[PDB]
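K.L.:
There's a structure below that I have some questions on.
Derivation of every value follows stated rules applied to the coordinates shown; laboratory data play no part. A quick note on method: Cβ atoms are made from the backbone with ideal geometry, for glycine too, and the neighbour counts reach across all protein chains shown.
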Amino acid sequence: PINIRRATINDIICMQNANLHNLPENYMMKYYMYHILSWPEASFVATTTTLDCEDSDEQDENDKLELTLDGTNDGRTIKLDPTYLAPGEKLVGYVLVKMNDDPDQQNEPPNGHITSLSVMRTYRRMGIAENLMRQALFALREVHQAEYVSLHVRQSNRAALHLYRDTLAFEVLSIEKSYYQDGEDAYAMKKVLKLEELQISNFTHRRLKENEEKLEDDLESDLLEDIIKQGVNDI
Amino acid sequence: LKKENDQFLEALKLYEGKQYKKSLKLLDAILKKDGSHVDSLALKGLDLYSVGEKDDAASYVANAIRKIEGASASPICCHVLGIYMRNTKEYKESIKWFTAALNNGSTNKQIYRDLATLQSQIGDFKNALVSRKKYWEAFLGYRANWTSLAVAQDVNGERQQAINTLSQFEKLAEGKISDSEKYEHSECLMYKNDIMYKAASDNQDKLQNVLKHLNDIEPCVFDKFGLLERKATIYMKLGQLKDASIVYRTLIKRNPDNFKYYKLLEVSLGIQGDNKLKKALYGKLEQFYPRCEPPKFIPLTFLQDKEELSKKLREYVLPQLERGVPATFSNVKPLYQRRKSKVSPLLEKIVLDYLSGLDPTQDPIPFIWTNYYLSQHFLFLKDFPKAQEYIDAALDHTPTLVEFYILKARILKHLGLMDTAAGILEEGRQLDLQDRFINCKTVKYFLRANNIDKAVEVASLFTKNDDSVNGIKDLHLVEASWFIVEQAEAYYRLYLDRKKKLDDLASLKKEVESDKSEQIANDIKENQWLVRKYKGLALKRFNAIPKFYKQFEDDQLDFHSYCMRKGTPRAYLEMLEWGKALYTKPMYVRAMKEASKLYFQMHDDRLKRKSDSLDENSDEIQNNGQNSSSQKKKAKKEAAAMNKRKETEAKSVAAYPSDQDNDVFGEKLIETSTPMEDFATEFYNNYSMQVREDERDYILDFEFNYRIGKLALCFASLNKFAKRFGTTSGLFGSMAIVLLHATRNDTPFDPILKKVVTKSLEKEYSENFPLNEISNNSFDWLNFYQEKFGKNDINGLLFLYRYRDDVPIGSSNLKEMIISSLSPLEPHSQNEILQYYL
């Protein structure tokens, strides 16, 4: 599955491996270490999660299961795979975000700068990069008080274009000629960020018909009513 | 001593700025008049090391060190020597020189901060605390000093002292904080909370005070995720369940896509015993987040009814098959690792019933996604013909998907067809040349297909090509690992195939008229030379991943000061944990195991070919001599051609610069003096000093301690393995048999160690293995092993076959048993074991 969390350092090496399977412009270890130790409340990761699911039991029980060698015997180690992070957890993508710190002789306010967003191509088209970008923007707006955001995009990559300009709905600022190593033109996009528009609770539904019922989370609700065992609404 | 000191003081400003040639000229002019100047030599060494030279710089530094008797000179020389040692990966000498400089009389307190970094790399915190205290008492106008003091007092043990220091600092600087210094302050607050966590323990009053402080600082702390996490932890450590549930619901509202928050809420609510409560909770939460995945995946783990489970699986797979996601099988990947004969039949039936109502023209996308899911499910169930049929139907329906080619290559690899898989995957990759993941997969599958040249040619495309014909240098500069690991395995396989090739060639031994194998030998000799050169290059490339990790650990120099200047103590602790856990990676363990295997094989075959056979004069002749046919000119031309070919080959496989490493051919690594000593002082001490408890490879430790004369470590590792992973494993019995055969008086070792190991075995395991059958040559250990642990274990049989020369328990019977026991596995593994492991 997909599990969003904060980009930890104990896996940045593996994160670099994801770069080796994503953007050609790689970076050294110093770059990732600086960007992970300077502003850790911005860069996020998306991994997998494997938990229990009827251990042993009796209904069609079988002690010769896989479970990455964790059921019966077969020792208990980690599988030889650089993409794994834990016995039952592997990273599928991440997003690295930095803040403006270089001097520009113009008194620049604290703004958001999307450094990179790399997700495995085999694990896409199901809400990963969009959620990562939304969480990063929300965290920046809530902690660092980012006035706006500015990033870069390519041209032949239609997926990134549909994700930024169409899905996330970002505004194009300028066009940079020959910015990468291959000499390909890029589009620098900029959008003013706000606080009452980047809430996650306001984006719980993907599409709607015309006038539905958008239910959110108010105060208490799960600890109300009564016991679901012999009540009126008990199945 | 009068004018030389003045010239040194006037030239020091050149090193202080951005000048090197002007300082080197002055140093040369000074040395031309007096060569016994320690300061000039110490400065020239660092100047030559900072421009590119290494040999001359090291020579000048060694000369300056030799020209020093006592510890009474100028502090500038000691400071330069400390800088040089810090730049040459020397921490102890740098600390010693800085301490000797500070003990003489230096009015620069910043030098102390340098020590506060240097010891921070070696873990020496006893003196680091005093250094931090001195550097804090020296300058009282920077928050970095307070942060460093707090970190030093927290890591050591002065928790109350750190709390009091932080409170005093916040009281003295209450209101004098700028805007940009707010966030950092918040971070510091969080760090103080962490300190309060160390003061939490299980006391009620302490937890209440921590909760009150957190609620008071909440309007000031900018970080909300960690704040709410700590609040929920405090609520769980107390007894308030409603407040903890509210905090977890707020966390879910902030980020619903998180399995950890859902599991923590399930633990807090205390409804893990009843299934209906959790079912109703997840059914109510699904209406709040219809676009998420955990709220639809977690409920598939505690369902008992068959109809309800089938309905939930159908409602979970219908949107994924309708929208079409390239991870549907992934969405059921962990479940298949825990369920099988109970869940997979229902899923297969649902998928078949859904496919029976589709159409190849009306709904082509759901059709191809259903075909892909069926192929994945059958590949997971050890099926191959039906999976190939489905993937062929999918390619005939829509041949414009890379995932289909990837699955076909994976199936062909599992069926032992590596070359065909590589060909299909290259053909599919040629369809769109813009993705790097498919390129890496193609390179890996070509490396697994005994095709290295084509793999390198394919990889040399997206890499930066400047001072090299290919992109090997670029792959080494982007800090790679998997590529080197996959290429070294191919080199090892190609080197091992030559053993069987030479065995098959020598089995004939010129039987009757067999002039074909005698008249044709130059090509075979050239092939053997190339294989040996590539095997040496593989060992050379192996000496990179540990070097890369050492470089990563050493690059943390400026971080010790940056984490204190910027104000990230939590990031500093995370970096410390990362540096401590660097030596706990699976790729590192795999590379270390491969290097150990290579070193042991080199030791074995070197000791075998050292004193064996006879007539060295008739064997050390080699070629380069055709009697009366101009042997000198022929040998000269052959050597010239060999050098001309080797130069081009080294330029093609160029990875390391010429001025940084001269051992390009790798002839010095394969013929070292003490391989075990080097492996222990370079690859074993770090893993021995930085390792946990449950995560420890005992097989590698046993193999390393076997051929050194220390059996107590072997016995301790065996006992720990038997206590942790039980005693019902074939590896335990194999190691016990190996140890019992090693403790025999026939093997030349230490009788005292053998006797104490025998006593320990008789005291511990007295009713497990017969310890009185070492004198009977008719007792078969293979029969006893297959009666107790059985022959179904593969690792034990592989270990026994690897260690069969010292343990005489047969050979042909063991090979036949291994062949008979390998049948209930995968064909590719069986083929690999029969080709290389057997």
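K.L.:
Name the one entry in B:717, B:688 that is outside any loop (DSSP other than H, G, I, E, B), farther than 23 Å from residue A:70 by Cα and out of contact with any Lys or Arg (no Cβ under 7 Å at 6 or more places or on another chain).
P.N.:
From the options B:717, B:688, the qualifying one is B:688.
K.L.:
Name the residue, out of B:566, B:535, B:597, that is more than 10 Å from chain A (Cβ to nearest Cβ) and out of contact with any helix residue (DSSP H, G or I) (no Cβ under 6 Å at 6 or more places or on another chain).
P.N.:
Checking each option against the conditions leaves just B:597.
K.L.:
Additional query: Among the residues of the stretch A:55-98, which ones are of a type in the set (A, V, I, L, M), more than 9 Å from chain B (Cβ to nearest Cβ) and over 25 Å from the mean Cα position of the chain (by Cα)?
P.N.:
Result: A:69, single match.
K.L.:
Taking the residues in the stretch B:312-352 that are under 20 Å from residue A:61 (Cα atoms) and at the interface with another protein chain (Cβ under 7 Å from one of its Cβ atoms) as candidates, determine which candidate is surrounded by the fewest Cβ atoms within 10 Å (Cβ to Cβ).
P.N.:
Among those residues, the one meeting the criterion is B:341.
K.L.:
Against the conditions (1) touching a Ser or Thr at 6+ places or on another chain (Cβ under 8 Å); (2) part of a loop (DSSP other than H, G, I, E, B), where does residue A:41 fall short? Just the number, please.
P.N.:
Status for residue A:41: all satisfied but (1).
K.L.:
Within the stretch B:211-221, does at least one residue satisfy the condition of being closer than 28 Å to residue A:129 by Cα, touching a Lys or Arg at 6+ places or on another chain (Cβ under 9 Å) and either touching a residue at least 12 places away in the same chain (Cβ under 8 Å) or among the small types (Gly, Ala, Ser) (or both)?
P.N.:
Checking the stretch B:211-221: not a single residue is closer than 28 Å to residue A:129 by Cα, touching a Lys or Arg at 6+ places or on another chain (Cβ under 9 Å) and either touching a residue at least 12 places away in the same chain (Cβ under 8 Å) or among the small types (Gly, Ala, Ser) (or both).
K.L.:
Can you report the number of residues in the stretch B:684-739 which are farther than 25 Å from residue B:547 by Cα and crowded, with 17+ Cβ neighbours inside 10 Å?
P.N.:
Adding up the residues that qualify gives 20.
Table: residues versus (1) surrounded by fewer than 22 Cβ atoms within 10 Å (Cβ to Cβ); (2) part of a loop (DSSP other than H, G, I, E, B); (3) out of contact with any helix residue (DSSP H, G or I) (no Cβ under 8 Å at 6 or more places or on another chain).
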{"residue": "B:13", "(1), (2), (3)": "yes, no, yes"}
{"residue": "B:42", "(1), (2), (3)": "no, no, no"}
{"residue": "B:57", "(1), (2), (3)": "yes, no, no"}
{"residue": "B:102", "(1), (2), (3)": "yes, no, no"}
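K.L.:
Among the residues of the stretch A:67-80, is there at least one that is among the basic types (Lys, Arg), loosely packed, with under 14 Cβ neighbours inside 10 Å and closer than 30 Å to residue B:475 by Cβ?
P.N.:
The answer is yes, given that some residue of the stretch A:67-80 is among the basic types (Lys, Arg), loosely packed, with under 14 Cβ neighbours inside 10 Å and closer than 30 Å to residue B:475 by Cβ.
K.L.:
Further, regarding this structure: Which is assigned to a helix (DSSP H, G or I), out of contact with any helix residue (DSSP H, G or I) (no Cβ under 6 Å at 6 or more places or on another chain) and surrounded by 14 or more Cβ atoms within 10 Å (Cβ to Cβ), of B:95, B:30, B:65?
P.N.:
B:65
K.L.:
Give me a count of the residues in the stretch A:176-235 that are among the hydroxyl-bearing types (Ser, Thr, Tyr), free of Cβ contacts under 8 Å to residues at least 12 places away in the same chain and within 11 Å of another protein chain (Cβ to nearest Cβ).
P.N.:
1
K.L.:
Of all residues in the stretch B:541-557 being over 16 Å from residue B:577 (Cα atoms) and in contact with a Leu (Cβ under 8 Å, 6 or more places away or on another chain), which is farthest from the other protein chains (Cβ to nearest Cβ)?
P.N.:
B:543
K.L.:
If you take the residues of the stretch B:406-454 that are farther than 27 Å from residue A:154 by Cα and of a type in the set (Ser, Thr, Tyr), which of them is surrounded by the most Cβ atoms within 10 Å (Cβ to Cβ)?
P.N.:
B:445
K.L.:
Further, regarding this structure: I'd like to verify a number: residues in the stretch B:808-822 that are over 15 Å from residue B:740 (Cβ atoms) and part of a loop (DSSP other than H, G, I, E, B), how many?
P.N.:
Residues meeting the conditions: 3.
K.L.:
Moving on. Could you grab me the full set of residues in the stretch B:155-208 that are exposed (fewer than 12 other Cβ atoms within 10 Å of the Cβ), assigned to a helix (DSSP H, G or I) and not aliphatic (A, V, I, L, M)?
P.N.:
B:160, B:167, B:168, B:171, B:180, B:204, B:205
Yes/no per residue for (1) free of Cβ contacts under 8 Å to residues at least 12 places away in the same chain; (2) surrounded by 14 or more Cβ atoms within 10 Å (Cβ to Cβ); (3) not in a loop (DSSP other than H, G, I, E, B):
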position: B:771; (1), (2), (3): no, yes, no
position: B:774; (1), (2), (3): no, yes, no
position: B:777; (1), (2), (3): yes, no, no
position: B:786; (1), (2), (3): no, yes, yes
position: B:791; (1), (2), (3): no, yes, no
position: B:799; (1), (2), (3): no, yes, yes
position: B:806; (1), (2), (3): no, no, no
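K.L.:
Cβ-Cβ distance below 9 Å, separation of 6 or more or different chains: which pairs start in the stretch B:512-527 with a residue that is more than 20 Å from residue B:496 (Cα to Cα) and end on one that is assigned to a loop (DSSP other than H, G, I, E, B)?
P.N.:
As it stands, the answer is B:517/B:510; B:518/B:510, since those pairs meet every condition given.
K.L.:
Could you please tell me which pairs satisfy a Cβ distance under 8 Å, a separation of 6+ or placement on different chains, a first residue in the stretch A:125-148 that is more than 7 Å from chain B (Cβ to nearest Cβ), and a second residue that is in a helix (DSSP H, G or I) and of a type outside the set (A, V, I, L, M)?
P.N.:
Final answer for the pair search is A:130/A:167; A:134/A:203; A:138/B:254; A:139/B:225.
K.L.:
To continue, here is another question. Within the stretch B:265-283, is even one residue at the interface with another protein chain (Cβ under 8 Å from one of its Cβ atoms) and in contact with a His (Cβ under 8 Å, 6 or more places away or on another chain)?
P.N.:
no
K.L.:
Just to verify a result, which residue in the stretch A:35-54, among those that are facing chain B (nearest Cβ under 7 Å) and in contact with a strand residue (DSSP E or B) (Cβ under 8 Å, 6 or more places away or on another chain), is nearest to residue A:127 (Cα to Cα)?
P.N.:
A:49
K.L.:
Still on this model: Return yes when residue B:649 is more than 14 Å from chain A (Cβ to nearest Cβ) and either within 30 Å of residue A:12 (Cβ to Cβ) or part of a helix (DSSP H, G or I) (or both) and no when it is not.
P.N.:
yes
K.L.:
Given the criteria over 30 Å from residue B:144 (Cβ atoms), within 41 Å of the chain's Cα centre (by Cα) and not aromatic (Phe, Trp, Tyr), does residue B:5 qualify?
P.N.:
So residue B:5 does not fit the description; no.
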